[PDB]
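J.: Turn this into a model:
(chains A, B, C, D, E and F)
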Amino acid sequence: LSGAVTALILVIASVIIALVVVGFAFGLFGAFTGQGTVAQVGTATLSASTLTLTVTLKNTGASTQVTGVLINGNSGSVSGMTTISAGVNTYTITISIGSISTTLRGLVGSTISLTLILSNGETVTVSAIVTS
Amino acid sequence: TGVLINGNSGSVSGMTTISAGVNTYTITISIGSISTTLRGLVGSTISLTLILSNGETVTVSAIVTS
Amino acid sequence: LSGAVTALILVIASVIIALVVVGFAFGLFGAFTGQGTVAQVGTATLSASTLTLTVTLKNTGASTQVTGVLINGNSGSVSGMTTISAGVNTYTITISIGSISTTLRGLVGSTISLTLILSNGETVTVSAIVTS
Amino acid sequence: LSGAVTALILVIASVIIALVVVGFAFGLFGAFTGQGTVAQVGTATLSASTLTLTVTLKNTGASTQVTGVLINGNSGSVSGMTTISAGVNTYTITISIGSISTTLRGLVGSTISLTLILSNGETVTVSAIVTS
Amino acid sequence: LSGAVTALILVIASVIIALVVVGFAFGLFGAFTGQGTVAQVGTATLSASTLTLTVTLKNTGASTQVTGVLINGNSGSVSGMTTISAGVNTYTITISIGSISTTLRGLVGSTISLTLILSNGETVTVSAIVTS
Amino acid sequence: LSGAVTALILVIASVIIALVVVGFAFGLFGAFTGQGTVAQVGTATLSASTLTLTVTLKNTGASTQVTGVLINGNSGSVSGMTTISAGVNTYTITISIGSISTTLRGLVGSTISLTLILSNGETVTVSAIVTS
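T.: Numbering: from 1, shown residues only, chains lettered A, B, ... in the order given. Below you will find the coordinate block:
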């Protein structure tokens, strides 16, 4: 008689566990779909006298952060408008590096490529015109 | 039961009932902040999620128009 | 007995999930195909006395917008016919920059290159004759 | 009952592995963006009496090295200012070849083309005026 | 009573097997990452009188071997510095083909392209100047 | 006792199914490799008086067919040597269009570009000299 009791107990436990796994899979779907996709929608302007990056970013996911910046050699901090809203927006970020100060002064008018290290593990490649 | 756009989850207010077969549904979404946020994405692609009553989430791709 | 129940539950869940993924992939196809492709089909005219750009644009995709303009140094707003219908059309856009006013007055008759920053993340390179 | 346990074990392992791969891909992005781009921004001067190359180089990436030089026939070593900082800078490199000594003495005033072999796998083509 | 005994036996077997599979997957990751990446970081020199290839190779993976060479028509053996250490290094490889002897003697000064067949399944394309 | 029976039944069924899938994948490999690659290996001659295309085609795959032709405006049928053997061969195809008759008569000596729509879904771009 114990055999059928064990059979039912195991059947119901397996059903509960399978439903848990399926719910987890669909939660993973919904979470990865809306994780946050940040890209560039136009050229940036890198003021070399003040070292200020004005960039237009498009974010069609969750509201992420800007944790770091990667310029030619050094990775520097950021000190302005770190919060990336959703949609398309123009952000004005003040970059802080030790050595790059006055290094760009000899590049006014030329193009440059930066990287933005976001909080959600994504890195964004940015193109900019160096100005003064 | 619900919709999931870039940041926020919002209610739906139309044709919530999914009949069987293939059908074209016109769902009115309601979020507080996303109002006028998509106005700068006209023409671009976007990805949404639909939270159904049977525990299944459906991933949808959409073109943003105006 | 529970093993086969679990097996069928997982099989059906996997079928549902795979169908969801395939539908999403084909939706992505159809969405990226008709996202909006804007190009130039003839030289533009940049009136320097009024700073007005008359340009013929071809758009074989979705109806986009014109968010910004990029002239030699500055990025400026636009204040006319920002909506790009489908097909080939002649648009008359009034550009607004602070300093470029009366700067092109010494370029009448010469060629120039502008950029149009569209709402769908695309930038269009435009060539124009500067007139007055 | 074991089926669903195995299913969740594999699901979580797959999520971990996929996240690892995605992080690696974005790291590759960030690394290749700032790998180091060196070009020339003005004519060089090749002193043929002392065989010294004075060249103005622009480097908008990581700080690379100058490992070799390639003049008409021979590849020779360099013995000065091997380190290329970031930005635009004027470098005075002392080249050393066995045979080219006194060979350029018959080219004073004419043009010549060199190659620079950098540490980051990139070769830079340089143009120079031979002087004395 | 046997049902639950079988259930636990199968559960522990499944956990052991899944852990084996996951460990094997991560080992595959670590192994394919450091398998050996060999490329060229500067033009090679192909001495046509002695038929000797002086080439600068960059290898950022495991220490591979040079098993064969592929010149214009024929694949030939190699007889020197077959072992590719890690890093950037200058290798002097003596090639041996029966027919190509004295064939390059009419190509001095021109450019040529060779292939190196490595031990780790990778073929490396090399560009060289033919000298004498 | 039923649990282990179920486990082995599912194990053998899964092994059979996995082997079926792997066999199908390798069949897909072998089938896509030898599908038929048709290209041009020399200029074609388009006789405008008789409207006859003499073209040398190279096909290193399966023996495909020529289902249609695409000339400047119209898509026309073919009425000769529709079968493409393997190897390099010179084919003489009689094209049939309603309007193009006597239209090429004003292009004798000039170059033109055609398209061949093959049976295997591949289109081949051809260049031809218009003759008479």
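
J.: Leaving out chain neighbours, which residue sits closest to the most centrally placed residue in chain A?
T.: For chain A, the residue nearest the mean C-alpha position is residue A:118 (3.5 Å; C-alpha atoms, centre = their mean). With C-beta to C-beta, 6 or more residues apart in numbering or on different chains as the criterion, residue A:118 has its nearest non-adjacent residue at 5.0 Å, and that residue is residue A:64. Yep, even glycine has a C-beta here, placed from its N, CA and C like the rest.

J.: what's near enough to touch the one you found?
T.: A:36, A:38, A:84, A:118, A:119, A:120, A:122 (C-beta atoms under 8 Å, 6 or more residues apart in numbering or on different chains).

J.: do you know how far residue A:105 is from residue A:49?
T.: 7 Å (C-beta to C-beta, to the nearest Å).

J.: which stretches of chain A form strands?
T.: Remark: strands assigned in chain A by DSSP state E are A:38-40, A:44-47, A:52-59, A:66-70, A:75-78, A:87-96, A:111-118, A:123-131.

J.: packing partners for the fifth one?
T.: Packing contacts for strand A:75-78, counted by 3 or more C-beta pairs under 8 Å, 6 or more residues apart in numbering or on different chains; DSSP states H and E, involve strand A:66-70, strand A:87-96.

J.: wait, which of those strands is closest to chain D?
T.: Set against chain D and scored by C-beta to the nearest C-beta, those come closest in strand A:66-70, at 5.5 Å.

J.: Give me the residues contacting the closest one.
T.: Outside strand A:66-70, the residues that touch it by C-beta under 8 Å, 6+ apart are A:53, A:75-78, A:81-84, A:91, A:93, A:95, A:114-119, A:123, D:30, D:33-34.

J.: change it to 6 Å
T.: A:75, A:76, A:78, A:82, A:95, A:115, A:116, A:117, A:119, D:30, D:34 (C-beta atoms under 6 Å, 6 or more residues apart in numbering or on different chains).

J.: out of these, which is most surrounded?
T.: residue A:116 (25 neighbours; other C-beta atoms under 10 Å in any protein chain shown).

J.: Make sure that residue is actually in contact with residue A:122.
T.: No - Residue A:116 is not in contact with residue A:122 according to C-beta atoms under 6 Å; the separation is 8.8 Å.

J.: who in chain A is up against chain D?
T.: By C-beta under 6 Å from any C-beta of the partner chain, the part of chain A that sits against chain D consists of A:10, A:14, A:17-18, A:21, A:70, A:72-73, A:103, A:106, A:112-113, A:115, A:121-123, A:125.

J.: same thing but 7 Å
T.: By C-beta under 7 Å from any C-beta of the partner chain, the residues of chain A that approach chain D are A:10, A:13-14, A:17-18, A:21, A:25, A:28, A:70, A:72-73, A:103-104, A:106-107, A:112-113, A:115, A:117, A:121-123, A:125.

J.: got the residues of chain A near chain B?
T.: A:23, A:26, A:29-30, A:33-34, A:60-63, A:86-88.

J.: Which of those residues sits closest to residue D:131?
T.: Nearest to residue D:131 among the residues of chain A next to chain B is residue A:88, at 53.9 Å by C-beta to C-beta.

J.: which residues does that closest one bridge with?
T.: Counting by DSSP bridges, residue A:88 is bridged to residue A:58.

J.: distance of it from residue B:64?
T.: Relative to residue B:64, and taking C-beta to C-beta, residue A:88 is found at 11 Å.

J.: Give the buried subset of the residues of chain A next to chain B as a PyMOL selection command.
T.: Command for PyMOL, covering only those of these found buried under the criterion 16 or more other C-beta atoms under 10 Å in any protein chain shown:
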select buried, chain A and resi 26+29+30+33+34+60+61+62+86+87+88
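
J.: Greatest separation within the residues of chain A next to chain B: which pair is it?
T.: A:23 and A:88 (34.6 Å).

J.: one step back: show me what contacts the residue nearest to the centre of chain A?
T.: Residue A:118 sits next to A:38, A:64, A:65, A:66, A:67, A:124 when contact means C-beta atoms under 7 Å, 6 or more residues apart in numbering or on different chains.

J.: Kindly state the beta-bridge partners for residue A:129.
T.: residue A:45, residue A:111.

J.: ugh, typo on my part, it should be residue A:95
T.: Under the criterion used (DSSP bridges), residue A:95 bridges to residue A:78.

J.: For the spatially closest residue to residue A:62 that is not a sequence neighbour, grab the count of nearby residues.
T.: Excluding the flanking residues, the one nearest residue A:62 by C-beta to C-beta, 6+ apart is residue A:36, at 4.2 Å. By other C-beta under 10 Å, 20 other residues sit near residue A:36.

J.: Contact partners for the residue lying closest to residue A:110 once chain neighbours are set aside?
T.: Spatially, and ignoring its direct neighbours in sequence, residue A:110 is nearest to residue A:130 (5.6 Å; C-beta to C-beta, 6+ apart). Residue A:130 makes contacts with A:46, A:48, A:104, A:107, A:108, A:109, A:110, A:112, as judged by C-beta under 7 Å, 6+ apart.

J.: Next, format the residues you listed as TSV and append neighbour count.
T.: Below are the contacts of residue A:130 laid out as TSV (neighbours: other C-beta atoms under 10 Å in any protein chain shown):
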residue	neighbour count
A:46	26
A:48	20
A:104	24
A:107	22
A:108	14
A:109	10
A:110	14
A:112	19
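
J.: Out of the residues you listed, the closest to chain E would be?
T.: residue A:112 (24.9 Å).

J.: can you tell me which residues contact that closest one?
T.: By C-beta under 7 Å, 6+ apart, the residues touching residue A:112 are A:46, A:128, A:130, D:60.

J.: Farthest-apart pair in the contacts of strand A:66-70, please.
T.: Within these, two members stand farthest from each other by C-beta to C-beta: A:82 and D:34, at 20.7 Å.

J.: so residue A:96 makes contact with residue A:77?
T.: Yes - using C-beta atoms under 7 Å, residue A:96 is in contact with residue A:77, at 4.9 Å.

J.: buried ones in stretch A:43-53?
T.: Buried-residue list, stretch A:43-53, by 16+ other C-beta under 10 Å: A:43, A:44, A:45, A:46, A:47, A:48, A:51, A:53.

J.: That one: end-to-end distance?
T.: Between the opening and closing residues of stretch A:43-53 lies a distance of 11 Å (C-alpha to C-alpha, to the nearest Å).
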